[PDB]
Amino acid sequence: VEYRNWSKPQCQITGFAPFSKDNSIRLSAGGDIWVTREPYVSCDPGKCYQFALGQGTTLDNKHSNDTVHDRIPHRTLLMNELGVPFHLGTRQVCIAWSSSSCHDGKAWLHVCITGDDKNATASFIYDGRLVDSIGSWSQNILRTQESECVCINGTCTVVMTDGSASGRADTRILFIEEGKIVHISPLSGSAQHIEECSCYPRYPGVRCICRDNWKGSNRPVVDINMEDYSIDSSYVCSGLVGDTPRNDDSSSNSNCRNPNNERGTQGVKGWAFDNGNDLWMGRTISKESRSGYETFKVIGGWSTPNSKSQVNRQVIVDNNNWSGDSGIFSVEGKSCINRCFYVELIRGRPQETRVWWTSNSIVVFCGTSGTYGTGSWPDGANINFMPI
C-alpha cells in the first residue's frame, strides 16, 4: 500500500477504444434503478468505479418528478464498480449535490457538498471517516469538479468555486492529505468563471481543463504545482473549441488567454489533454445543444492559438442522441499513464417532455495505442417505453 505518484509518461495514443456502458435508463423501465446525474469514473490501483449524484429516488417512482432540479437535500453520492448499474444495493457514500472523489493509492477521498445554496458545507471523507469540512466562502453555491480529483505522493488536489452564479467567481484549489486540508491556494492566471474542472495527473503536477461559466466557448485551463502550491491558468489554444453552445469551427476563436464570448447560454462540463503541442479533446457534435459526442486530436491545439486542423476523429454518440457532462480519468499502466473519459447520456427533461424526470446513463472509453473502428453508443432507451 504505497501512495500513487503517477510518475510515468503519458501513453501515446492513437484514439480511444470502448471500455464500459451501463444502460441505466433502459434497465429503469424494468427494474428499480436510481435517478442520477453528474456521473464520473475513478479507479483505485486495481479497478474502476462509477459515481453519480443520486436524486434520492428510483426512476419508476413518483418521487422522480421534478428531478431536473440540481440541488435537493436528498442527493447523495453513489459508488459502484464500473458497469454495475445503480441498483438498490448501491452504497450512498455521502450527502452531496456536488462532488469529487479520488484514491491516493491507499484509500478513497470523497469531497461532498450539500446544504443551503447560500451556506453550503463541503465534507472531506477519507478512508471511511469524516476528517474535515469547510463552509461556503462566497455564500453563492459552493461547487466542485463532478469528476475525479488527483493525488500525488499522498496529497490530493481539488478545484472548487463559490459565487460564479452571481458573476463573482471565487475559485480555490485545495490540497488535502488523508482527508485533512493542509493548504488552500486562490486561483491565479488568466482563467475566469471556472466551473467543473476535469483534472489529470501530469507529473510532477496536475492539469485541469474546465468550463467558463459566463460566455467563453473555449475551455479554461488550470495548472497546479503540487510542490509549492502555486497556480497558473489560461484558456485552451484550440480554435476547435470544447464547449456548447459554440460557433461553427470557421468562426470560432481562442487566443489561449481570454474567454472568447462566443457562447450565449449555459455551457457544459468537458475535458481535454495536451500531448506536446497537440490536444486530445471531446465535445458534443451539436454546436447548439447537448447532443452527440465526438473526440479528435487538434494539431497544435495545446500550443498554437486558433489551431483548427484535426485528425483521428471518432464518433462516440451520434447527433441523433443526447449527451451531457463529460470528464477525464487516468489509469496507470505498466509503462505509461493512460487517459480515459466518460460521457453522461441525459434522458428526460428538459429535452424529452413525455416524462417528468431527468436521469442519465453513461458510456466510457479509454485511450489506446492500437487500432479501432467506428460506431455509436447512445443511451438507447425508447422514451415511449418509459414510466413517466
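For every residue, the number given is its place in the sequence shown, counted from 1.
In this entry, the higher average B-factor at the C-alpha atoms falls on 221-229, of the pair 221-229 and 129-137. Mean C-alpha B-factor is higher over 246-254 than over the other stretch, the pair under comparison being 277-285 and 246-254. Within the listed group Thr114, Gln266, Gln145, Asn80, the record reports its top CA B-factor for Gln266. Of the candidates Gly292, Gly205, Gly270, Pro73, the one whose C-alpha carries the top B factor in the deposited record is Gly205. Among the modelled residues of the chain, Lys334 sits in the highest third by CA temperature factor in this PDB entry. Among the modelled residues of the chain, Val150 sits in the middle third by CA temperature factor in this PDB entry.
Among the modelled residues of its chain, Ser100 has a C-alpha B-factor that falls in the lowest third, as given in the PDB entry. Per the PDB record, residue ranking by Cα B-factor puts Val364 in the lowest third of the chain. For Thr171, the recorded CA B-factor ranks within the middle third of the chain. Only modelled residues enter the ranking.
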